[PDB]
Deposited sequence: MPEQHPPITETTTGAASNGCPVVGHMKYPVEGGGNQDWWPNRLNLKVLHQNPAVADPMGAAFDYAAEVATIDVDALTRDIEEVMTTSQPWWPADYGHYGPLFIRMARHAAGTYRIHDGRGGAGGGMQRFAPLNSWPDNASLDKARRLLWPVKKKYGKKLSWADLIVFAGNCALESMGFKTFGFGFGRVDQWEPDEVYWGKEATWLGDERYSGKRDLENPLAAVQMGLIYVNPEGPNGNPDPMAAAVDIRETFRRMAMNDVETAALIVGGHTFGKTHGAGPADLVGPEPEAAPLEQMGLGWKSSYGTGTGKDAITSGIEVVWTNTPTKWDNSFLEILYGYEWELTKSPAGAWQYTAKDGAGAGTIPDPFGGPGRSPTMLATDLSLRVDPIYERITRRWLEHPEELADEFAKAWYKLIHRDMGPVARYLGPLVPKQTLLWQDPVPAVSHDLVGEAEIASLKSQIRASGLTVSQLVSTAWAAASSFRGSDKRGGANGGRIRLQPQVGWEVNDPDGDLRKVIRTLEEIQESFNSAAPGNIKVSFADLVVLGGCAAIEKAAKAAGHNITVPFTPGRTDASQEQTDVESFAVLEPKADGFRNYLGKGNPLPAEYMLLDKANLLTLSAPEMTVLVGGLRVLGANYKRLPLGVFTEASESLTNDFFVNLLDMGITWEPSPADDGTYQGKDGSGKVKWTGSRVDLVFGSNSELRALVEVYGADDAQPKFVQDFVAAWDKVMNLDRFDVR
């Protein structure tokens, strides 16, 4: 009825029923069988032909392909990660010359069909045009699955600065991109000659002192310009593809780059099933409460952005500076103790293991979270075993760009009941956005919140969400107590965001936050809460929470 309401439609965007290929189709296995030589030949023969319905300017569609490649990959926003070359449905201001020219590539996708997506095709056509000009490129990596539903003065210098900084491009990369896309040295020579007749953009490279320094350096040294343009272009097209394990094809370079957030490759033999049991029995008698383990294992695995597929638990970054310094992770609490205890466990295990079986800290954090979940569930009457797939390695400090990780800090985490100052939208909207980023669905988000409440995973262990009298137990008490109409909620006297579900002859119980009551208030979410809050829905809730938790933990596992 009332507009500006909570939009649950965002959670289930791009379902599996609108996908023509169905659920029996993985793009990786298809594009791994493609022949990039024939693809390059087809792209070139399209490049050197003049379609009658689109006059081929100078008989060479190269620069048009370059423009579409640079325009599909120019909509990447670091603060959110949406958009981008492949991680954003750029299809479905502009002059409409960016999709009518997308029809020029139809004779190429006609041959391949499902073995080559449009997102891969546009970027690869741009790259092949760039290589066909005469320039040589760093490399290319396929694997961009296409979605099926739309989701002169120095003033120009600072405007370009902000516009390119929103794309995670420093000054050298911005200068390289600007000098390249508009190009030999046919640019810097004419630009630095006769001042371009002293009469907008692309001239500020000679005005801004930091830009002018780099440009005048490149004036007599085209080698730096070539290397910097190759690196900047490769960063530009592959910005939102995630870990290096998602790159496919034989054109992917062997080198590893810092902006990809690299993690070391596995060097030892992973843990089997007896060693996993030994670890889960060792860090269940190590003096660590279920709350600490669950909160730590969620802190590492809730820094994942499903748009550009960066973050996650892989790499063991929770032990390193950008992740441990965040307010939400609470360095002033029990994160250092948990990290030190896990390091001690890892050192003890690696020094006494059969053969060359070794466990990594990144793996051990998630294994500890799984062990804590199992212990809590067993302390609730059930007997389960949460699945756990090893194969994580811990990155060192030198491989983590501190500035690049500042955009992953959560301004508001609904699952952990965190809320930082200066938020655009209210508490529930940020929870919805975070759940959408984690590629979660409405039932998965509901069950995950309802479990994390009773597991004591709240920020600073606040009682704002624990709707149960017995913590350290995975039960559906949150739902069955939220739906109870025997308590009358009201805003707290302290005028804060908290509430008060006071009843029982005037007594006050279940002090609740906003992201807690939004589940019982919103009818669409109350439906799911009633599904999980029934009398016989106790084991179904546990199984669903285990499934959601395992899905969240293994979000970043793209190598498997």
No C-alpha coordinates means not modelled. Give me those stretches of the deposited sequence in order.
1-37, 130-135, 195-239, 272-328, 345-378, 740
